[PDB]
Amino acid sequence: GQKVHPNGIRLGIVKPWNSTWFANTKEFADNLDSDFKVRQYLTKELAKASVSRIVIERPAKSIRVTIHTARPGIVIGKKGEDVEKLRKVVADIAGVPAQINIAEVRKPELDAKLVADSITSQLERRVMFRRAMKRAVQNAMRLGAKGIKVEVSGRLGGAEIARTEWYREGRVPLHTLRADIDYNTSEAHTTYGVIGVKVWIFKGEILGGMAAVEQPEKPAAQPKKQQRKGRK
Amino acid sequence: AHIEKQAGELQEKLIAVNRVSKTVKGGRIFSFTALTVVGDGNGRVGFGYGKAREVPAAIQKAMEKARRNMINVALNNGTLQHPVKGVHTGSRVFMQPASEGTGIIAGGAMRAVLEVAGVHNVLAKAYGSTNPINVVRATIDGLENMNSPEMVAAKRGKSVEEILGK
RNA sequence: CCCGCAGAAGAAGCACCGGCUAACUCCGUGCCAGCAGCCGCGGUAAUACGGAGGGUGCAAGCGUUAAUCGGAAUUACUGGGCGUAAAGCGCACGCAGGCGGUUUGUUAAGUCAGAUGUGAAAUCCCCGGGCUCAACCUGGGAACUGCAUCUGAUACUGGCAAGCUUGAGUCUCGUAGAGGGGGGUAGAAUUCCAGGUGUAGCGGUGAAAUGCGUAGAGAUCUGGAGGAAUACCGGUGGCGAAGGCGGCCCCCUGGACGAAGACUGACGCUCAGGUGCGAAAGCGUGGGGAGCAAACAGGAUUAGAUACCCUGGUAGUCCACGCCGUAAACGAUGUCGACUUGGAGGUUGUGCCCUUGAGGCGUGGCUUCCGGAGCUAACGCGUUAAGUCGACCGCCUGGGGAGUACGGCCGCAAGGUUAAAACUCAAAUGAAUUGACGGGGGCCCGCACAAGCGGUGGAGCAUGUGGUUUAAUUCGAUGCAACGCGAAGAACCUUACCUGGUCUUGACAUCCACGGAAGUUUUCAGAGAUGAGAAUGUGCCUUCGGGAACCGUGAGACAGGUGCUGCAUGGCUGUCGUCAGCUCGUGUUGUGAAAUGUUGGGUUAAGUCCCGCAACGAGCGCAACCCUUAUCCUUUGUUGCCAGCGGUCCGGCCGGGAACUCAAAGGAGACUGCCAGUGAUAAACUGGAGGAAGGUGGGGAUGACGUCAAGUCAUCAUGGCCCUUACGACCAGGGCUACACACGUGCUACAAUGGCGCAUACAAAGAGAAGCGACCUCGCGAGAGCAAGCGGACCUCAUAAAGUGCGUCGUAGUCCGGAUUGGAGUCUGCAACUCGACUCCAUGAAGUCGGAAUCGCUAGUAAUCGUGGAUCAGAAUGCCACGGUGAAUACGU
RNA sequence: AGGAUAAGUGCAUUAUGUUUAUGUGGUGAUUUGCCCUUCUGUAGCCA
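- Regarding how it was determined, this PDB entry cites cryo-EM in its header, along with a resolution of 13.5 Å.

Remarks on the overall build of chain B
In step 1: In terms of helices and strands, chain B carries 5 helices and 6 strands.
In step 2: The order of α-helices and β-strands along chain B, N terminus first, is β-β-β-α-β-β-α-β-α-α-α.
In step 3: Overall, the C-alpha framework of chain B stretches about 70 × 35 × 25 Å when taken along its three principal axes.
In step 4: Within chain B, the fraction of its 166 residues that count as buried is 38%.
In step 5: Long-range pairs, those at least 24 residues apart, make up 59% of the contacts in chain B with a sequence separation of at least 6.
In step 6: For chain B, the exposed surface amounts to about 9,500 Å²; the carbon and sulfur share of it is 55%.
In step 7: Taken as two groups, the 22 positive and 13 negative side-chain charges of chain B have centres that lie 10 Å from each other.

Re the sheet that holds strand β3 (residues 47-52) of chain B
Residues and elements named next belong to chain B.
In step 1: Ordered in space as β1-β2-β3, the 3 strands form an open sheet in which the pairing is antiparallel. Taken across any chain shown, the strands that pair with only one partner, and hence form the sheet edges, are β1 (13-19) and β3. The average undirected angle you get between the axes of adjacent strands in this sheet is 20 degrees.
In step 2: Bridge count between strand β2 (residues 32-37) and β3: 6 bridges; the pairing is antiparallel. Paired with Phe32 across the strands is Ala52, a residue of β3.
In step 3: Contacts between helix α1 (residues 55-65) and the sheet are confined to β1, β2 and β3, with β3 contributing the most and set at about 150 degrees to the helix.

Here's the deal with a nonpolar patch on the surface
In step 1: A cluster of nonpolar residues, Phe28(A), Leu32(A) and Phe36(A), forms a patch on the protein surface that exposes about 280 Å² of accessible area.
In step 2: Residue position: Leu32(A) is located in helix α1 (residues 28-45).

Comments concerning helix α2 (residues 81-94) of chain A
Because the α-helix completes a turn every 3.6 residues, residues three or four places apart line up on one side.
Residue and element names in this part refer to chain A.
In step 1: The first and last C-alpha atoms of α2 sit 20 Å apart over 14 residues, in line with the 20 Å expected at 1.5 Å per residue.
In step 2: Looking at the packing, one finds that the buried side of α2 touches α1, β2 (53-58), β3 (63-68) and β4 (98-103).
In step 3: Backbone geometry just after α2 places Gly95 at a positive phi near 85 degrees.

What about the pairing of strand β7 (residues 182-185) of chain A?
All names here are of chain A.
In step 1: Judged by which residues are buried, β7 turns out to be one-sided: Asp182 and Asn184 face inward and are buried, whereas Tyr183 and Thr185, on the alternate face, are not.
In step 2: Note: β7 against strand β9 (residues 193-202), 4 bridges, orientation antiparallel. Across the sheet, residue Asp182 finds its bridge partner in β9, namely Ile201.

A word on the layout of surface pockets
Residue and element names in this part refer to chain A.
In step 1: Each pocket or cavity is described by its volume, and for the largest pocket that value is around 840 Å³.
In step 2: Around the largest pocket, the lining comprises 32 residues; the ones closest to its centre are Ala112, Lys113, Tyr183, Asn184 and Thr185.
In step 3: Listing elements by their share of the lining of the largest pocket, those giving two or more residues are β2, α3 (112-124), β7 and β9.
In step 4: The dominant element in the lining of the largest pocket, judged by the number of residues it contributes, is α3, at 7 residues.
In step 5: Here the lining of the largest pocket spans two domains, since at least three of its residues come from each of domain 1 (16-106) and domain 2 (107-206).
In step 6: Considering the residues around the second largest pocket, the lining is formed by 15 residues, among which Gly1, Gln2, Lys3, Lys149 and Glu151 are closest to the centre.

Cut-offs used in this document
Along each chain, numbering proceeds from 1 in written sequence order. Entry numbering may differ, and residues lacking coordinates are not shown. Chain labels run from A onward and ligand labels from 1 onward, assigned in the order the entries are written. All values in this entry refer to the displayed chains, which constitute part of a larger assembly. As a rule here, side-chain values cover all heavy atoms of the structure and leave hydrogens and water aside. A run of DSSP states H or I qualifies as a helix once it reaches four residues; a run of E qualifies as a strand once it reaches two. Both are numbered from the N-terminal end. The buried label applies to any residue whose accessible area, calculated with a 1.4 Å probe on protein chains only, is under 20% of its type's maximum; exposed applies above 50%, and partly exposed to all values in between. Only heavy atoms enter the contact rule, under which two residues are in contact if any of them lie within 4.5 Å. Under the convention used here, a 1.4 Å probe and the Shrake-Rupley method define accessible areas, while residue burial counts only the protein chains that appear. Counted as positive: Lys and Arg. Counted as negative: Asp and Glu. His and the chain ends are not counted at all. The atom standing in for a charge is NZ when the residue is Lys, CZ when it is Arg, CG when it is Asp and CD when it is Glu. Two strands pair under a simple rule: DSSP has to find at least two bridges between them. Angles shown run from 0 to 180 degrees and are taken between the N-to-C directions of axes, each axis being a line fitted to C-alpha atoms and, for helices, limited to the stretch in contact. Patch membership is restricted to residues that have no salt bridge and whose relative accessible area is over 30%. Joining uses 9 Å for like charges and 5 Å for the nonpolar side chains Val, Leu, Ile, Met, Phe, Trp and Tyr. Salt bridge, as used here, is a side-chain nitrogen of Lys or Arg placed within 4 Å of a carboxyl oxygen of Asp or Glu. A helix's residues, less one, multiplied by 1.5 Å, set its expected span. The distinction between a cavity and a pocket rests on a 1 Å grid over the protein atoms alone: a 1.4 Å probe fits inside a cavity but cannot get out, while a pocket stays open yet meets protein on both sides within 12 Å along at least five of seven lines, and a residue with an atom within 4 Å of a point counts as lining. Grid points are joined across faces, edges and corners, and a volume is the space filled by probe spheres set on the points. Where each domain starts and ends comes from a domain assignment, either automatic or drawn from a database.

This is the structure we're talking about:
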């Protein structure tokens, strides 16, 4: 049960992450704790709808949240008050003037954590968990994704002893280091004690994420190819 | 990918379930093996042993194998026209002619196997190995020693079987 | 038994709830208590247990054992088994009894039909009937469970006479063989004696010692001694009744195998009882003894050593008969026979052949391989059955205990022979899959070895572990899977540990109540917590009710918990291993467990690729995208660079220049693609070459399903479940880092490839917003306080060192190493003593490359020297990454 | 002089492929074991 480190040692090497900001020096710690806080408190406020990825971003003089959903405009509310309130708390926690835009991910109507919600219910109510993980994978592969891995653990079925079980399908490489691929670890309790699902989902090996930049930044967009360079 | 036989009626008789171990070589995996019986209402030689990761995928595999390389077979009335003693691989079972006034008389999964077989009124004692995996061959070997009705006079009864091909 | 009258009154148990077998949650305890008709359980969140709610079933009954039938072809005539599970007699011969191929004559014991007499009654059975149905009792009919003889038949068996041949028996002829009984006969190893020649080991075995031997062994020539024994031919052959028979030959004689002439003509089959009869040793006497051997000794092995293995050494072995005949005493399969696709081996009568090689064909033979119809649970059987069967006899009814006891009998004499229970117990036992495993046979891989090189272990130090110690020196972890790791910077804090103060809404959130605003400056008491006083400020919101902020005070709800339990758990990860394989869907072969693929050969990082069987399709490991390097193209042109040119001490500092590195990035180039060798054609490895560079270019990323009850409840999540004046929390001090040593890891030395002295050289990379930092003044040096400056290609850490130049040094603790210790100077902070770090002055020890043990490494590696950084209040010998100088070899498993 | 089928140049350790001590008993993976059909019917169980 060796459990190779399933995503951490795979990032930033043409594999995007759930934060994109710049910091350095000794204040990186003050910006990261603040980024954890805004991740924790902001998704709790827009929890009215289900949510597929979370991206928080800090460029020059601003804080920009990207969020991805199964339907757009849904966390943005009606009127515009609902979204000015989302921008009130993003500024309050980060301490910079705030932006949010709404966007959707590739294959939006499917996501890692909504599979684990589906598997958890049967277990929460202490009935019908012997085909549930398999039906979850079947539905999941009918809504998208090129392969899925599910691993369930717990005092499963409400049992008075522990069980590991899993279910894998299609094409889910494990040494992969190119394209973002979506991961969730659930943790929850019910009457008998704790359950959990580790849900790896695999969209694409060059589909989704960033791509490698195809130029230097050095020749492009430069209307004057000198300052002096000795040529005047 | 094969021809299959069907019945216009459902049978999902799960008889056994097991697990596969290698214990050090890749250690032990979660796989199950399963045995499932598919009749017809009058009988089939349909018996299927298959295997997969989980119990549902395993049974459905085994239910598939119970209807390929198999054909249905048929017997008129809820009795058998021969008092014969069917043996298959140390699991030995008995039959004697009877009334319709008795239906089944049997227990466990055996009462469910005999109902589709048409040999439930004639149901007499089993001996030798009578655990689930082999007890259930009633509708296989007990329908290969088969007799079934086709005559109008008992004294034409052997004459009528000869002219069926002569 | 009925009518009328009160009235809701007068009233329900018993057994089940893990499964067998009609039902599940909580608490309790935690393999304990206690449960079990059987199966069995209990080891923490227990539907087995103890209690409760609830669910379930029967009901004035319920539940339950013993026993009978039946479940059970496990009560078997109908209807079981016997190759191996319990079970073919040890084998031949055969009376009594059971049984009789085929026809005629004949008889009618059994057979069957017909006839007649009998079989009372209902509780049972079938049809009525009656009592409040019913239970009960009962008429007619009946299973009436039991029985009779006459008449007739001859399809059938039995009796009997004569055949038949389709069964069997017998003569001469021929042939094979270790059958039986009794005779005859040769050569050579071990062993011995003798003489000749001749000198030291010989023997034994896994390796070994005990043994034998200089009194002359071992070996060798010549000649004698002696008894078992007799190869190779000899084979799966053949013979005997089965076990049984083995040098070769003959005499006496059996029993089988073939063929023609000839005969008899059911004379047949089986076998209770029965008599007869031995491989071997046991065993009486006779024969005989070279070698080997139980015993007995001694060696070797080891916890011993009776097993294992050897050496001496006796009865025994070795011969013959004889006494009860033991067993794996067998076509493993009773006896014998009839029938059922063959082919071929061994070896043989005989017809035919080129007699063409243990052959083929014709027709028999025993005897064995191979496989079809049919059979088994599997191996296996298959014309010699374990098929289809036949008659007739033997024998079995779970295991252990028992082939014993017990009984009958035989035996000098130990014994043999059929063959059992209480008691114990839920099994015992036939077969086979895959893992592991062979010490049976063989194949493969990782820097795991090798080919080397260096390192830990030894010194000392750094740092962790245990041992051991105190108030306590906190744990977690225990080869590979613990020990430079969780728990990277440990005075208190840290922080678990221990002791002392001090309080309980509590360091922290909200909610109510009271005193001080927090913030800042400032004196003081006490240890500090904490408090008093001074001086500055009374902000924040508002019903100025009152509260937030920090701090003290108090109460609940509630916060908090390195709280236990890692067989109660979640998240998470280490191992095998870069094993070279694993898995997902599905088919197929077997009754199936499960295999197959996923396994072989060749090849590989590779499920890569040639060949190929039930594997087919696809994913994982691996390959890839990826970032990086290498030249080289390519652009930017500073905080980077400078061929020519200026200011000029000749420094890109600056006028100026773009040839140039140069930084970060598009990338190009190299694909095992080519050629040649190797390789099974072949993947691919090696060589070959131009080039910056060739081995999937160099580097890194990079590791399957998953058992291991593996390790964390202590990041964190969390129930069952405990404290909540505390298993919380504020404050000080002490300790892990003690020291006895051992142990893991690493550091730097023991040299001279180095150190020293003087002189001399070039980096890469990165860190600095409470910080570091030029200049400054102070400083033995480290550093100090101030500060321009900084955002790090700008400024600073920084003199980078080893290395280089020359000279020098001889195994002497030195010309290496420099620990301790005296004593001074420094850092973060009231505060450096034990527990912290750095500078420097004088003296001066351990240590000569360290034993058992033991690992990493294939090239920017290994080795070795400095550097920076993560960590980081304060500081490094490590780690992490960089750059200096930069290696041996990779046959082989 | 038959030790002359000369090896039938058919031959290869030729038939036991063997031996130098061991280490207790049970223990992993689920409370819907559930996703193929009319009539003759089925897994707690149904058209």
